[PDB]
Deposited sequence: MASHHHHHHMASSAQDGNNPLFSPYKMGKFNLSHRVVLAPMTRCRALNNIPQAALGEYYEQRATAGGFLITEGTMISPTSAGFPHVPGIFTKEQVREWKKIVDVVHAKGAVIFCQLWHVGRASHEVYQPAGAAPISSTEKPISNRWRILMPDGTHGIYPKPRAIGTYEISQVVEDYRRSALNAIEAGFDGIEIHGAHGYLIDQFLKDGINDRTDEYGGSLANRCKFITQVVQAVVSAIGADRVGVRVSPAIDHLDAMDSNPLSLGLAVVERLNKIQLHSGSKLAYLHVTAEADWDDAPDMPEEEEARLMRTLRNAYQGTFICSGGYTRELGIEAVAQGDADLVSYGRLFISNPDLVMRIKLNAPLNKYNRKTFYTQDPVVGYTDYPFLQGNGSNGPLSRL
């Protein structure tokens, strides 16, 4: 089984290649990491295994989901510390995903009911609806197009949050630049309609993610920084006219950051449509100089084939890891997997649909 050959991700020598994909679960009540999160990540931590946390707020304006964890307050750092200690006691590596939703928010998630921020004033179309705190669905409002000065302020929010994650004990951070959120709102030309130095060409549309990565690289080191992108996922109106060219453009900037800093990034994480000429996943893998994590609709057989054929170094699993706390062990034994319940993906109960999925 190639999924269980060791792999060196930076200075972390992983003993297997099954990765916990970042997944918002909405159990960190009032943006404070609860003890249920520690129980949740502990059930899934393995000796030498790599875990990536749910999307985590970098600022009071970065949330678009209810009760998502933050890492911008001193209290959030202290509560994260207890979760990382429990995970590290299992011998696992854990990264915190820094997540800014951009225009994918609502007045109920913003301080003083203010409008969300984005690269543009165009809202997400009415075809998509946002989950509300009370379980209903609402309307995405018109965002506020920020200037270049506020762009640098948001970049500083990524930097301070990356330092707070290291202070909390995290082995590193992952930059969430996928799924049509703030960073994706600058990348995709279907959203970015700016005429300044952040819009138009591929270089201008890649400038934001370049500066975000450069900030966290300079703060905590490149080998503790991961980057996640999804050039060919149209979630929340995140369309690009040439997703293959955009992904290669982002990879080019990542290779250039690694040569300037003289050190390799932790990994490049690429997720795609789970319902899958060579794939875009392999093309981006061939272009990137470093560790590659494939994501999207992978199974035990597909994950084994991806590492064996050289398509990826690590394979992250999402929905299967929700319902299988010992997913790594079940993949090793080829044991049958549990079904997951979508109804409790974003509910608030600290046990129901969160930690009560049975082990093997």
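For this chain, the deposited residues without C-alpha positions form the stretches 1 to 18, 295 to 304, 389 to 400, given in sequence order.
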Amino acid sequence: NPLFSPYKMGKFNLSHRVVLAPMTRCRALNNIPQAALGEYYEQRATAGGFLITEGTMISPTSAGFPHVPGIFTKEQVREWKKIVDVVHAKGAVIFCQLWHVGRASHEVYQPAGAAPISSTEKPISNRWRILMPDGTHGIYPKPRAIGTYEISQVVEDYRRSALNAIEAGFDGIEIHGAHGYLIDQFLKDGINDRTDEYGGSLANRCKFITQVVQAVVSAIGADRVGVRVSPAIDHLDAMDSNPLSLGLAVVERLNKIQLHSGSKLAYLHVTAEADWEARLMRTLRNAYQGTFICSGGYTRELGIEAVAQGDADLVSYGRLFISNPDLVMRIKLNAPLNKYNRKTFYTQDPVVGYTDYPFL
From here on, numbers count along this sequence of modelled residues.
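In this text, the rigid core denotes the largest set of C-alpha atoms whose superposition between the two forms falls within 1.5 Å.
Averaged as a root mean square over residues and superposed structures in 4 other deposited structures of this protein, CA distances to the shown form are larger in 279 to 287; the pair compared was 177 to 185 and 279 to 287 with a core fit. When 244 to 252 is weighed against 259 to 267, 259 to 267 comes out higher, by mean CA B-factor as recorded in the entry.
Legend: mean Cα B-factor per stretch from the PDB entry, 235 to 243 versus 222 to 230; the higher mean is in 235 to 243.
Comparing the C-alpha B-factors of 171, 197, 174, 79 in the entry, the top value falls on 197. Comparing the listed residues 98, 89, 287, 94, the entry records the largest Cα B-factor for 89.
Residue 115: CA B factor in the highest third of modelled residues in this chain (values from the PDB entry). Sorting the modelled residues of the chain by their CA temperature factor places residue 125 in the highest third.
Remark: residue 10 belongs to the highest third of its chain, ranked by C-alpha B-factor as recorded. Split the chain's modelled residues into thirds by C-alpha temperature factor. Residue 348 is in the middle one. Residue 282 sits in the middle third of its chain by CA B factor, as recorded in the PDB entry.
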